[PDB]
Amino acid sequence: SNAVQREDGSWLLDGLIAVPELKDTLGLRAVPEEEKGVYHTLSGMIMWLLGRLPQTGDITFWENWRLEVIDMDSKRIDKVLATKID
């Protein structure tokens, strides 16, 4: 599970991307609930920040980043667009 950067520097990210790779790709300093083992995946993280099942169209925010749900894979996010804030 993957990360591709686009011709404006925004990221198209697979929802199943794991926390260590996600932090690397986005330069995150932390994730919410770190070390508590609540979720292990970008999709889970977004679900946690939303406090409910995400839907395509949903937007959340974390550190320097706007996270938009681009597509679902039933109970999980398939694809996310990550855009730098500013």
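All residue numbers are counted from 1 along the displayed sequence.
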property: Among modelled residues of the same chain, the CA temperature factor third for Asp71; result: highest
property: Third of chain Cα B-factors occupied by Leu81; result: middle
property: CA B-factor ranking of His40, expressed as a third of its chain; result: lowest
property: Third of the chain, ranked by Cα B-factor, where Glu34 sits; result: highest
